[PDB]
file my_file22.cif (mmCIF, N, CA and C atoms and all ligand atoms)
data_work
#
loop_
_atom_site.label_atom_id
_atom_site.label_comp_id
_atom_site.auth_asym_id
_atom_site.auth_seq_id
_atom_site.Cartn_x
_atom_site.Cartn_y
_atom_site.Cartn_z
N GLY L 799 2.74 26.46 48.80
CA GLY L 799 3.80 25.48 48.83
C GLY L 799 3.56 24.29 47.93
N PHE L 800 2.39 24.18 47.32
CA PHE L 800 2.10 23.11 46.38
C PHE L 800 2.63 23.49 45.01
N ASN L 801 3.18 22.51 44.30
CA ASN L 801 3.92 22.75 43.07
C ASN L 801 3.26 21.95 41.95
N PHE L 802 2.44 22.62 41.14
CA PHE L 802 1.71 22.00 40.05
C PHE L 802 2.40 22.17 38.70
N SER L 803 3.72 22.21 38.68
CA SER L 803 4.42 22.57 37.45
C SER L 803 4.43 21.44 36.43
N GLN L 804 4.48 20.19 36.89
CA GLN L 804 4.56 19.07 35.97
C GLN L 804 3.23 18.74 35.31
N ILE L 805 2.11 19.27 35.81
CA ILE L 805 0.80 19.01 35.22
C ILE L 805 0.17 20.25 34.62
N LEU L 806 0.72 21.36 34.81
CA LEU L 806 0.24 22.52 34.10
C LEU L 806 1.01 22.67 32.79
N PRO L 807 0.45 23.30 31.76
CA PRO L 807 1.18 23.43 30.50
C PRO L 807 2.34 24.41 30.58
N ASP L 808 3.30 24.20 29.69
CA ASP L 808 4.44 25.08 29.51
C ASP L 808 4.39 25.73 28.13
N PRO L 809 4.71 27.02 28.03
CA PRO L 809 4.55 27.72 26.75
C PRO L 809 5.62 27.41 25.72
N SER L 810 6.73 26.77 26.11
CA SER L 810 7.86 26.56 25.21
C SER L 810 7.52 25.61 24.07
N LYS L 811 6.66 24.63 24.32
CA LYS L 811 6.22 23.73 23.27
C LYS L 811 5.29 24.47 22.31
N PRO L 812 5.13 23.96 21.08
CA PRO L 812 4.09 24.48 20.19
C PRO L 812 2.69 23.96 20.47
N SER L 813 2.48 23.29 21.60
CA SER L 813 1.16 22.86 22.03
C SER L 813 0.99 23.18 23.50
N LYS L 814 -0.23 23.01 24.00
CA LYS L 814 -0.55 23.25 25.40
C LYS L 814 -0.40 22.00 26.25
N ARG L 815 0.50 21.10 25.88
CA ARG L 815 0.65 19.85 26.60
C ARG L 815 1.60 20.03 27.77
N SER L 816 1.32 19.33 28.85
CA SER L 816 2.13 19.40 30.05
C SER L 816 3.25 18.38 29.96
N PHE L 817 3.96 18.15 31.06
CA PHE L 817 5.05 17.19 31.04
C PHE L 817 4.56 15.76 31.19
N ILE L 818 3.41 15.55 31.81
CA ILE L 818 2.88 14.19 31.90
C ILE L 818 2.16 13.81 30.61
N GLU L 819 1.60 14.79 29.90
CA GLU L 819 0.78 14.48 28.73
C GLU L 819 1.62 14.00 27.56
N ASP L 820 2.80 14.57 27.35
CA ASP L 820 3.63 14.06 26.28
C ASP L 820 4.45 12.86 26.69
N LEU L 821 4.57 12.58 27.99
CA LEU L 821 5.01 11.26 28.41
C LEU L 821 3.96 10.22 28.08
N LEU L 822 2.68 10.58 28.18
CA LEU L 822 1.62 9.66 27.83
C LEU L 822 1.47 9.50 26.33
N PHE L 823 1.86 10.51 25.55
CA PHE L 823 1.73 10.38 24.10
C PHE L 823 2.79 9.46 23.52
N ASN L 824 3.99 9.44 24.10
CA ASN L 824 5.09 8.64 23.58
C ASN L 824 5.15 7.25 24.18
N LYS L 825 4.02 6.72 24.64
CA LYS L 825 3.94 5.35 25.10
C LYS L 825 2.83 4.56 24.43
N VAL L 826 1.89 5.21 23.76
CA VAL L 826 0.85 4.52 23.01
C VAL L 826 1.34 4.48 21.57
N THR L 827 2.06 3.41 21.24
CA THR L 827 2.47 3.19 19.86
C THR L 827 1.31 2.59 19.08
N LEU L 828 1.35 2.77 17.77
CA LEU L 828 0.24 2.45 16.89
C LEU L 828 0.56 1.21 16.08
N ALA L 829 -0.39 0.27 16.02
CA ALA L 829 -0.25 -0.88 15.13
C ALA L 829 -0.41 -0.47 13.68
N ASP L 830 -1.23 0.55 13.42
CA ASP L 830 -1.28 1.21 12.13
C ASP L 830 -1.49 2.70 12.38
N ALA L 831 -0.94 3.52 11.49
CA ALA L 831 -1.10 4.95 11.60
C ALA L 831 -2.51 5.37 11.16
N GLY L 832 -2.79 6.65 11.31
CA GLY L 832 -4.06 7.20 10.90
C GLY L 832 -3.92 7.91 9.57
N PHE L 833 -3.78 9.23 9.62
CA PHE L 833 -3.67 10.06 8.43
C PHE L 833 -2.37 10.85 8.51
N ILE L 834 -1.47 10.60 7.57
CA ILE L 834 -0.26 11.38 7.40
C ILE L 834 -0.26 12.07 6.03
N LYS L 835 -1.45 12.19 5.46
CA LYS L 835 -1.68 12.44 4.03
C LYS L 835 -0.85 11.48 3.20
N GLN L 836 -1.17 10.20 3.36
CA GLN L 836 -0.54 9.11 2.64
C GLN L 836 -1.27 8.80 1.34
N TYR L 837 -1.95 9.79 0.77
CA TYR L 837 -2.59 9.59 -0.52
C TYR L 837 -1.76 10.13 -1.67
N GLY L 838 -0.92 11.14 -1.44
CA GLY L 838 0.17 11.40 -2.36
C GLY L 838 1.15 10.25 -2.37
N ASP L 839 1.38 9.65 -1.20
CA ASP L 839 2.07 8.38 -1.09
C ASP L 839 1.11 7.25 -1.51
N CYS L 840 1.64 6.03 -1.59
CA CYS L 840 1.06 4.76 -2.04
C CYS L 840 0.81 4.75 -3.55
N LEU L 841 1.05 5.85 -4.26
CA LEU L 841 0.92 5.93 -5.71
C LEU L 841 2.31 6.08 -6.30
N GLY L 842 2.72 5.10 -7.11
CA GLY L 842 3.95 5.20 -7.86
C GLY L 842 5.22 4.94 -7.09
N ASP L 843 5.15 4.75 -5.78
CA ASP L 843 6.35 4.51 -4.99
C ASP L 843 6.58 3.01 -4.82
N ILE L 844 7.79 2.68 -4.38
CA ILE L 844 8.18 1.30 -4.13
C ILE L 844 8.00 0.93 -2.66
N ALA L 845 8.10 1.90 -1.75
CA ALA L 845 7.78 1.67 -0.34
C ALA L 845 6.29 1.87 -0.09
N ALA L 846 5.49 1.02 -0.74
CA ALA L 846 4.05 0.99 -0.57
C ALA L 846 3.59 -0.35 0.00
N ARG L 847 4.49 -1.09 0.63
CA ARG L 847 4.20 -2.43 1.15
C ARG L 847 4.06 -2.42 2.67
N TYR Y 505 -19.43 -48.04 -34.16
CA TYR Y 505 -18.34 -48.94 -34.51
C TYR Y 505 -17.53 -48.46 -35.70
N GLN Y 506 -17.85 -47.30 -36.26
CA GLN Y 506 -16.80 -46.71 -37.09
C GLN Y 506 -15.78 -46.02 -36.19
N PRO Y 507 -14.50 -46.00 -36.55
CA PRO Y 507 -13.51 -45.38 -35.66
C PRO Y 507 -13.60 -43.86 -35.67
N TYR Y 508 -13.38 -43.27 -34.50
CA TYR Y 508 -13.32 -41.83 -34.34
C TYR Y 508 -11.89 -41.42 -34.01
N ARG Y 509 -11.48 -40.25 -34.50
CA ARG Y 509 -10.14 -39.73 -34.27
C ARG Y 509 -10.20 -38.61 -33.25
N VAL Y 510 -9.38 -38.71 -32.20
CA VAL Y 510 -9.48 -37.86 -31.02
C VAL Y 510 -8.18 -37.11 -30.82
N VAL Y 511 -8.28 -35.80 -30.58
CA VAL Y 511 -7.17 -34.98 -30.11
C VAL Y 511 -7.54 -34.45 -28.74
N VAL Y 512 -6.58 -34.45 -27.82
CA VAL Y 512 -6.77 -33.94 -26.47
C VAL Y 512 -5.72 -32.86 -26.22
N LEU Y 513 -6.18 -31.64 -26.01
CA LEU Y 513 -5.29 -30.54 -25.66
C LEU Y 513 -5.28 -30.34 -24.15
N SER Y 514 -4.19 -29.75 -23.66
CA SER Y 514 -3.99 -29.60 -22.23
C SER Y 514 -2.96 -28.51 -21.98
N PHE Y 515 -3.29 -27.56 -21.11
CA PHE Y 515 -2.40 -26.43 -20.88
C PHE Y 515 -2.67 -25.84 -19.51
N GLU Y 516 -1.65 -25.19 -18.95
CA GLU Y 516 -1.78 -24.40 -17.74
C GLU Y 516 -2.18 -22.97 -18.10
N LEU Y 517 -2.54 -22.19 -17.09
CA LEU Y 517 -3.03 -20.84 -17.32
C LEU Y 517 -2.52 -19.90 -16.24
N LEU Y 518 -1.74 -18.90 -16.66
CA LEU Y 518 -1.24 -17.79 -15.83
C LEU Y 518 -0.42 -18.30 -14.64
N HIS Y 519 0.66 -19.01 -14.97
CA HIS Y 519 1.58 -19.54 -13.98
C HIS Y 519 2.99 -18.98 -14.13
N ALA Y 520 3.55 -19.07 -15.32
CA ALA Y 520 4.97 -18.88 -15.59
C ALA Y 520 5.10 -18.00 -16.82
N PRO Y 521 6.31 -17.63 -17.27
CA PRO Y 521 6.44 -17.10 -18.63
C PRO Y 521 5.90 -18.04 -19.68
N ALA Y 522 5.38 -17.46 -20.75
CA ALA Y 522 4.57 -18.17 -21.72
C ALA Y 522 5.27 -18.22 -23.07
N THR Y 523 4.96 -19.27 -23.84
CA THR Y 523 5.50 -19.43 -25.18
C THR Y 523 4.40 -19.40 -26.24
N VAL Y 524 3.40 -20.26 -26.13
CA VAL Y 524 2.27 -20.22 -27.05
C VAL Y 524 1.38 -19.05 -26.66
N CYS Y 525 0.97 -18.27 -27.65
CA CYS Y 525 0.22 -17.05 -27.38
C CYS Y 525 -0.88 -16.91 -28.42
N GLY Y 526 -1.47 -15.72 -28.49
CA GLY Y 526 -2.58 -15.48 -29.37
C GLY Y 526 -2.28 -14.44 -30.42
N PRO Y 527 -3.12 -14.36 -31.44
CA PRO Y 527 -2.91 -13.38 -32.52
C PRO Y 527 -3.33 -11.96 -32.14
N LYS Y 528 -2.44 -11.26 -31.44
CA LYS Y 528 -2.72 -9.91 -30.98
C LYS Y 528 -1.49 -9.04 -31.17
N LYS Y 529 -1.71 -7.83 -31.66
CA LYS Y 529 -0.63 -6.89 -31.90
C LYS Y 529 -0.40 -6.03 -30.67
N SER Y 530 0.87 -5.79 -30.36
CA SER Y 530 1.25 -5.06 -29.16
C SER Y 530 1.03 -3.56 -29.35
N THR Y 531 1.42 -2.79 -28.34
CA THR Y 531 1.35 -1.33 -28.36
C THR Y 531 2.65 -0.87 -27.69
N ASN Y 532 2.75 0.41 -27.33
CA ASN Y 532 3.92 0.92 -26.62
C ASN Y 532 3.70 0.77 -25.12
N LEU Y 533 4.57 1.39 -24.32
CA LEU Y 533 4.50 1.31 -22.87
C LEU Y 533 4.40 2.72 -22.31
N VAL Y 534 3.21 3.11 -21.89
CA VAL Y 534 2.96 4.41 -21.28
C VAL Y 534 3.04 4.25 -19.77
N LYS Y 535 3.59 5.26 -19.09
CA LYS Y 535 3.76 5.21 -17.65
C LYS Y 535 3.15 6.44 -17.00
N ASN Y 536 2.92 6.32 -15.69
CA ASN Y 536 2.51 7.41 -14.80
C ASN Y 536 1.15 8.01 -15.16
N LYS Y 537 0.27 7.21 -15.75
CA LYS Y 537 -1.12 7.61 -15.93
C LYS Y 537 -2.00 6.36 -15.98
N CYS Y 538 -3.23 6.50 -15.49
CA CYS Y 538 -4.14 5.37 -15.31
C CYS Y 538 -4.59 4.84 -16.66
N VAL Y 539 -4.14 3.63 -17.01
CA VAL Y 539 -4.49 2.97 -18.26
C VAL Y 539 -4.94 1.55 -17.96
N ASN Y 540 -5.60 0.94 -18.93
CA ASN Y 540 -5.76 -0.51 -18.92
C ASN Y 540 -4.50 -1.16 -19.46
N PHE Y 541 -4.34 -2.45 -19.18
CA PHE Y 541 -3.24 -3.18 -19.79
C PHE Y 541 -3.64 -4.62 -20.04
N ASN Y 542 -2.73 -5.36 -20.69
CA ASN Y 542 -2.95 -6.76 -21.01
C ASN Y 542 -1.57 -7.40 -21.15
N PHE Y 543 -1.14 -8.11 -20.12
CA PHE Y 543 0.16 -8.78 -20.11
C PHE Y 543 -0.10 -10.28 -20.15
N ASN Y 544 -0.06 -10.85 -21.36
CA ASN Y 544 -0.20 -12.29 -21.61
C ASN Y 544 -1.54 -12.83 -21.10
N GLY Y 545 -2.59 -12.05 -21.26
CA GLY Y 545 -3.92 -12.42 -20.82
C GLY Y 545 -4.32 -11.82 -19.49
N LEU Y 546 -3.36 -11.45 -18.65
CA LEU Y 546 -3.64 -10.76 -17.40
C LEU Y 546 -4.13 -9.35 -17.69
N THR Y 547 -5.40 -9.08 -17.41
CA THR Y 547 -5.96 -7.76 -17.61
C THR Y 547 -5.74 -6.92 -16.35
N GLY Y 548 -6.33 -5.73 -16.32
CA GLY Y 548 -6.18 -4.86 -15.18
C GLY Y 548 -6.37 -3.41 -15.58
N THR Y 549 -6.20 -2.54 -14.59
CA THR Y 549 -6.35 -1.10 -14.74
C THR Y 549 -5.55 -0.43 -13.64
N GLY Y 550 -4.71 0.53 -13.99
CA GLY Y 550 -3.94 1.22 -12.97
C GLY Y 550 -2.81 2.03 -13.56
N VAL Y 551 -1.83 2.33 -12.72
CA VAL Y 551 -0.72 3.21 -13.05
C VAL Y 551 0.57 2.41 -13.00
N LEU Y 552 1.34 2.45 -14.09
CA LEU Y 552 2.62 1.77 -14.15
C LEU Y 552 3.74 2.69 -13.69
N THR Y 553 4.76 2.10 -13.09
CA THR Y 553 5.96 2.81 -12.64
C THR Y 553 7.13 1.84 -12.80
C1 LIG B 901 8.35 22.63 40.97
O1 LIG B 901 9.07 21.46 40.58
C2 LIG B 901 9.89 21.62 39.42
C3 LIG B 901 10.50 20.27 39.14
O2 LIG B 901 11.15 19.76 40.30
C4 LIG B 901 10.93 22.71 39.66
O3 LIG B 901 11.62 22.94 38.43
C5 LIG B 901 13.05 22.96 38.65
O4 LIG B 901 13.50 24.31 38.87
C6 LIG B 901 14.91 24.43 39.13
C7 LIG B 901 15.18 25.89 39.40
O5 LIG B 901 15.84 26.06 40.65
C8 LIG B 901 15.70 23.88 37.94
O6 LIG B 901 17.09 23.91 38.26
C9 LIG B 901 15.27 22.46 37.63
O7 LIG B 901 15.93 22.01 36.44
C10 LIG B 901 13.76 22.38 37.43
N1 LIG B 901 13.35 21.01 37.19
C11 LIG B 901 12.75 20.62 36.06
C12 LIG B 901 12.40 19.16 35.98
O8 LIG B 901 12.51 21.40 35.16
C13 LIG B 901 10.25 24.00 40.11
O9 LIG B 901 11.22 24.97 40.48
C14 LIG B 901 9.34 23.74 41.30
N2 LIG B 901 8.66 24.97 41.68
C15 LIG B 901 9.07 25.75 42.68
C16 LIG B 901 8.25 26.98 42.93
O10 LIG B 901 10.06 25.48 43.35
#
call {"tool": "encode", "arguments": {"input": "my_file22.cif", "output": "structure tokens"}}
result
Amino acid sequence: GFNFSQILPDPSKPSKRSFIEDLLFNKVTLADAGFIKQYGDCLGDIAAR
Amino acid sequence: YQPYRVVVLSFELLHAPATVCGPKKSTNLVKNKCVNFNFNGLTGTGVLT
């Protein structure tokens, strides 16, 4: 009778994240990003500020 | 006590567009490759766009 559906992963996503885990991912916003392969970027563009 | 003749020069440096310049011949304008440059005494190295 216990229902662990919201904390176990679901296969429909392309990751093994559950319903609480991607709620937790979309609340930690970043003051600066990490790596988006921004090295092709920042060269020759105008949106490099 | 013999008289001396004095000239005093005075100028700003790298503030605004310039009028008095130096005896140097220009070149063309190459883009999108790492070159040195010289814009009115301002040196540097990089890529123009
Ligand atoms: C465990 O809880 C979840 C969430 O309440 C249940 O998922 C729901 O299932 C019904 C099917 O009758 C759907 O209509 C709802 O849309 C589902 N909710 C969500 C948020 O997806 C799940 O059925 C429960 N497990 C059991 C065995 O009852």
call {"tool": "interface_residues", "arguments": {"input": "my_file22.cif", "of": "chain L", "to": "chain Y", "cutoff": "8 Å", "atoms": "all atoms listed in the file", "output": "PyMOL selection string"}}
result
chain L and resi 841-843
call {"tool": "residues_near_ligand", "arguments": {"input": "my_file22.cif", "ligand": "ligand LIG 901 (chain B)", "cutoff": "6.5 Å", "atoms": "all atoms listed in the file", "output": "list in words"}}
result
residues 801, 802, 803 and 804 of chain L
call {"tool": "select_by_dssp", "arguments": {"input": "my_file22.cif", "residues": "chain L", "states": "alpha helix (DSSP H)", "output": "NGL selection string"}}
result
:L and (817-823)
call {"tool": "write_last_selection", "arguments": {"input": "my_file22.cif", "atoms": "N, CA and C atoms", "output": "compact mmCIF listing (two decimals), keeping the file's coordinate frame"}}
result
# COMPACT_ATOMS: atom_id res chain seq x y z
N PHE L 817 3.96 18.15 31.06
CA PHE L 817 5.05 17.19 31.04
C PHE L 817 4.56 15.76 31.19
N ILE L 818 3.41 15.55 31.81
CA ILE L 818 2.88 14.19 31.90
C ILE L 818 2.16 13.81 30.61
N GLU L 819 1.60 14.79 29.90
CA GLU L 819 0.78 14.48 28.73
C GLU L 819 1.62 14.00 27.56
N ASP L 820 2.80 14.57 27.35
CA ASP L 820 3.63 14.06 26.28
C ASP L 820 4.45 12.86 26.69
N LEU L 821 4.57 12.58 27.99
CA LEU L 821 5.01 11.26 28.41
C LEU L 821 3.96 10.22 28.08
N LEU L 822 2.68 10.58 28.18
CA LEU L 822 1.62 9.66 27.83
C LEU L 822 1.47 9.50 26.33
N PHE L 823 1.86 10.51 25.55
CA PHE L 823 1.73 10.38 24.10
C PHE L 823 2.79 9.46 23.52
call {"tool": "atom_distance", "arguments": {"input": "my_file22.cif", "atom1": "atom CA of residue L:831", "atom2": "atom CA of residue L:815"}}
result
21.2 Å
call {"tool": "atom_distance", "arguments": {"input": "my_file22.cif", "atom1": "atom CA of residue L:816", "atom2": "atom C of residue L:799"}}
result
18.6 Å
call {"tool": "residues_around", "arguments": {"input": "my_file22.cif", "residues": "stretch 540-549 of chain Y", "least_positions_apart": "6", "cutoff": "8 Å", "atoms": "all atoms listed in the file", "output": "ChimeraX atom specification"}}
result
/Y:518,522,525-526
call {"tool": "atom_distance", "arguments": {"input": "my_file22.cif", "atom1": "atom CA of residue L:830", "atom2": "atom C of residue L:847"}}
result
11.5 Å
call {"tool": "residues_around", "arguments": {"input": "my_file22.cif", "residues": "residue L:817", "least_positions_apart": "4", "cutoff": "6.5 Å", "atoms": "all atoms listed in the file", "output": "ChimeraX atom specification"}}
result
/L:803-808,821-822
call {"tool": "decode", "arguments": {"input": "my_file22.cif", "residues": "stretch 512-527 of chain Y", "atoms": "N, CA, C and O atoms", "output": "tab-separated table (two decimals), in the first residue's frame"}}
result
chain	number	residue	atom	x	y	z
Y	512	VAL	N	57.75	75.11	-24.42
Y	512	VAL	CA	57.09	74.14	-23.56
Y	512	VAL	C	55.99	73.47	-24.37
Y	512	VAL	O	55.05	74.14	-24.80
Y	513	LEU	N	56.12	72.17	-24.57
Y	513	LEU	CA	55.09	71.39	-25.24
Y	513	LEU	C	54.20	70.71	-24.21
Y	513	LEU	O	54.62	70.46	-23.08
Y	514	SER	N	52.98	70.40	-24.62
Y	514	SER	CA	51.99	69.84	-23.71
Y	514	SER	C	50.90	69.16	-24.51
Y	514	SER	O	50.34	69.77	-25.42
Y	515	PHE	N	50.58	67.92	-24.15
Y	515	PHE	CA	49.61	67.15	-24.92
Y	515	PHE	C	49.00	66.07	-24.05
Y	515	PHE	O	49.61	65.62	-23.08
Y	516	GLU	N	47.78	65.67	-24.41
Y	516	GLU	CA	47.12	64.51	-23.82
Y	516	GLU	C	47.52	63.25	-24.58
Y	516	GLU	O	48.12	63.31	-25.65
Y	517	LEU	N	47.16	62.10	-24.02
Y	517	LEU	CA	47.56	60.82	-24.61
Y	517	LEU	C	46.44	59.81	-24.48
Y	517	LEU	O	46.05	59.46	-23.36
Y	518	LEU	N	45.94	59.34	-25.63
Y	518	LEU	CA	44.95	58.26	-25.75
Y	518	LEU	C	43.65	58.58	-25.00
Y	518	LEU	O	43.23	57.87	-24.09
Y	519	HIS	N	43.03	59.68	-25.41
Y	519	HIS	CA	41.76	60.12	-24.84
Y	519	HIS	C	40.64	60.16	-25.87
Y	519	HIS	O	39.59	59.56	-25.66
Y	520	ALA	N	40.86	60.85	-26.98
Y	520	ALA	CA	39.83	61.25	-27.92
Y	520	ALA	C	40.34	60.95	-29.32
Y	520	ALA	O	41.44	60.40	-29.45
Y	521	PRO	N	39.56	61.20	-30.39
Y	521	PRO	CA	40.16	61.24	-31.72
Y	521	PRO	C	41.30	62.24	-31.82
Y	521	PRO	O	41.31	63.28	-31.15
Y	522	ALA	N	42.27	61.92	-32.66
Y	522	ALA	CA	43.55	62.59	-32.68
Y	522	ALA	C	43.75	63.34	-33.99
Y	522	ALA	O	43.20	62.96	-35.03
Y	523	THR	N	44.54	64.41	-33.93
Y	523	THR	CA	44.87	65.20	-35.11
Y	523	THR	C	46.36	65.16	-35.41
Y	523	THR	O	46.75	64.78	-36.51
Y	524	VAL	N	47.21	65.53	-34.46
Y	524	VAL	CA	48.65	65.43	-34.65
Y	524	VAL	C	49.04	63.97	-34.50
Y	524	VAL	O	48.59	63.29	-33.57
Y	525	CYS	N	49.86	63.47	-35.42
Y	525	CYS	CA	50.20	62.06	-35.46
Y	525	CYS	C	51.68	61.92	-35.80
Y	525	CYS	O	52.44	62.88	-35.73
Y	526	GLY	N	52.08	60.70	-36.14
Y	526	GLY	CA	53.47	60.41	-36.40
Y	526	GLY	C	53.71	59.96	-37.83
Y	526	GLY	O	52.78	59.62	-38.57
Y	527	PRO	N	54.96	59.95	-38.24
Y	527	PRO	CA	55.30	59.54	-39.62
Y	527	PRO	C	55.29	58.02	-39.80
Y	527	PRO	O	56.30	57.33	-39.76
